[PDB]
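According to UniProt numbering, the residues represented by the sequence shown are 21 to 51, 58 to 231, in order.
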Amino acid sequence: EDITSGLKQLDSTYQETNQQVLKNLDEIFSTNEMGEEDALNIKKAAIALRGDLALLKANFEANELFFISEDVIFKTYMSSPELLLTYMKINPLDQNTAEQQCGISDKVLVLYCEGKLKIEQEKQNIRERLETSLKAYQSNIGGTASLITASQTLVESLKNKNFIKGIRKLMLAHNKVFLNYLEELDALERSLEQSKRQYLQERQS
């Protein structure tokens with residue numbers, strides 16, 4: 021329960037503190059030569075930070091939507107080898123890939139083979155989404171250092187550091203979700219395989 025609740029808490033505090041930050045940036049977008063130069067650089071930094079934060083937010087939101095649909099998959103046809111096999115029997119792979127990968131005489135062994143294939147494909151989809159998330163995060167995260175180097179009072183800095191800590195927390199939580207999907211698939215594959223060997227043991231006798 022801590023998982024779901026903690027994810028929602030992390031999300032909320034991230035969104036609120038992010039909106040606060042954007043407000044404070046806005047505020048400076050509103051309100058000697060070296061003075062002009064410095065203030066202009068502060069503005070440029072603000073623009074860059076705004077972009078960076080925008081990308082981070084878009085990535086988090088993509089991940090959460092994905093978690094929704096992916097949770098739907100793991101509650102239906104990926105919750106048991108039973109349902110995986112039933113799903114594959116109703117929705118078989120293309121005849122091409124079928125005979126390329128699982129050209130087997132035994133039609134039960136064919137289902138098991140297609141089941142493993144399907145698991146591998148979902149695995150691949152998830153690793154791909156995770157890699158995209160990690161890349162967006164790593165590419166854009168350090169963009170928050172402006173928020174500290176341009177801080178003035180120790181308090182203001184502290185609050186910015188906390189903000190960043192919250193971003194890192196939320197990314198950590200999302201990562202945990204991705205990795206657990208893959209683990210659940212690993213376990214599913216082992217039960218599927220053990221089920222197959224139980225089938226062979228019962229069949230020979």
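All C-beta atoms in this analysis are idealised placements derived from N, C-alpha and C, irrespective of residue type, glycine included.
query: The region 135-154 touching the region 103-110, judged by at least three CB pairs closer than 8 Å; result: yes
query: Closest Cα partner of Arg153 within the set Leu208, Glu59, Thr170 and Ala171; result: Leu208
query: Endpoints, alpha helix (DSSP H) assigned at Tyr34; result: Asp22 to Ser50
query: Presumed contact (8 Å Cβ cut-off) between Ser183 and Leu75, rounded CB distance; result: Not a contact, Cβ separation roughly 15 Å.
query: Buried versus exposed, by CB contacts within 10 Å (16 or more), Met60; result: exposed
query: Alpha-carbon to alpha-carbon, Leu135 and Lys149; result: 21 Å
query: Spatial distance of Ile68 from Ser25 (CA atoms); result: 38 Å
query: Straight-line gap, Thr37 to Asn117 (C-alpha atoms, nearest Å); result: 46 Å
query: Simplified DSSP assignment, three categories, for residue 53; result: For residue 53, nothing is modelled; it lies in the interval where the chain passes from 51 to 58 with no residues in between.
query: Length of the line joining the Cα atoms of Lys191 and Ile174; result: 13 Å
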